[PDB]
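Let's start with one chain on its own, the form deposited in one PDB entry, as structure tokens.
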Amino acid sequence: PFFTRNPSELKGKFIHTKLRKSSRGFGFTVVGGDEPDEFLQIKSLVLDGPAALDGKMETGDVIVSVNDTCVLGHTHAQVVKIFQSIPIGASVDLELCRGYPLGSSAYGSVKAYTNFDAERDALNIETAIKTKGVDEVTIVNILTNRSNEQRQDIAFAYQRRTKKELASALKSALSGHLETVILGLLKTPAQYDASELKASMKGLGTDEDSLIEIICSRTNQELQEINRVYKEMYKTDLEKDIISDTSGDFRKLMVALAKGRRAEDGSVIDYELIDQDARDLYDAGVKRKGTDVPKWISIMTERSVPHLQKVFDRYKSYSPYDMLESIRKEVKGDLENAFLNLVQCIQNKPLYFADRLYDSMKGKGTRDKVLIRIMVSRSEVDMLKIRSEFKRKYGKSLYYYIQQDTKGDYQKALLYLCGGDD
């Protein structure tokens, strides 16, 4: 939460831009400036409007000065009154500072580069691509220290300087697992999830594990973008593809989870409902011979995750087995695997990914597809929590295991995504 009210103590890039207030304002949304030491950054822009048409303003930029007046550390309502008082047709001068991300998970490992230069990085990447023997170290040292958004702009700058999409270029220069890591980093969170989903459903046999990991661990917000982008790329609804390659009660569970319509975190704790769901889960499984499966699917998919965390504790007051052990006894197959993965993500999702990373490396060889997908998909989310749970359980760091199990530039590429030892 870094904040300052002196411009000389900012360390981003400074942009000066002049805007003329249209009939629909300057056409941008501002956020921040609410809790004492808080910045004001650009939430969104209006494509039709003046702020975007000028092009100089980017989202996540901090408003330094508004027409000669420094607004660093001014309240949200103070600087809003400045812009609103500008008459239609009048012009405003904005000094903007970029390098301070608007939104960023506090527990990710890879952080946005402060001195970001999309054009320079695309030029340094093409330098490493064209090098005799290929300079894999440079491509790794660059793309693993940039956020996914910054990688979406480098892929723009690379096409604008080569007329060749950076994906195809790096595909031809890289090989082995290092190629798989880099190609996944160059996809948006929705793109990479949507690609690894379809890839799990190539051929009659399906990679049920990869399917279970992605669907069980993603949030409603993440699943909405996945369902959108999946039809965008593969010309078909993700639900539709799921009905095809899945079947049975396991199909119901995947379709319900993939809909991304879980109830948001309730404002008030439903203690009365926590007891009811806990008893219903008991009535529908271990209390009787047999299993009322749709009751499990309904409760475990429609309740908020904080709620379900508390029913799994309260469920121990009705059942001599916990929710995990009860799943192994009442059900089997891919339905069993799905339920076990699901409640792990509900109880402790970072621990869920820490356990998965340990399984991919504990035996002979590496399950590289699982290791790479987790390091890519959780690098900007909860990688620090994953590393935290990992060392507590297994005694040594996640860094130490990637070091033993992988080698080469591929090893260094994953160690950057890890983000240091523990």
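Under this definition, the rigid core comprises the largest set of C-alpha atoms superposing within 1.5 Å between the forms. The first residue of the sequence shown is number 1, and the count goes up from there. Shifts are known only where both forms have a C-alpha.
The next section is about a form of this same protein that is not shown, the form deposited in another entry.
Relative to the superposed rigid core, the position of the CA of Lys391 differs between this form and the one not shown by less than 2 Å.
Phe83 shows a C-alpha shift of 2 Å or greater between this form and the one not shown [criterion: core-superposed Cα displacement of 2 Å]. Between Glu225 and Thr59, the Cα spacing is larger in the other form than in the shown form, differing by no less than 3 Å. One change in the other form concerns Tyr100 and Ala106, whose Cα atoms lie at least 3 Å closer than in this form.
After superposition on the rigid core, residues whose Cα atoms move by 2 Å or more in a run of at least three fall only at 2-105 between this form and the one not shown.
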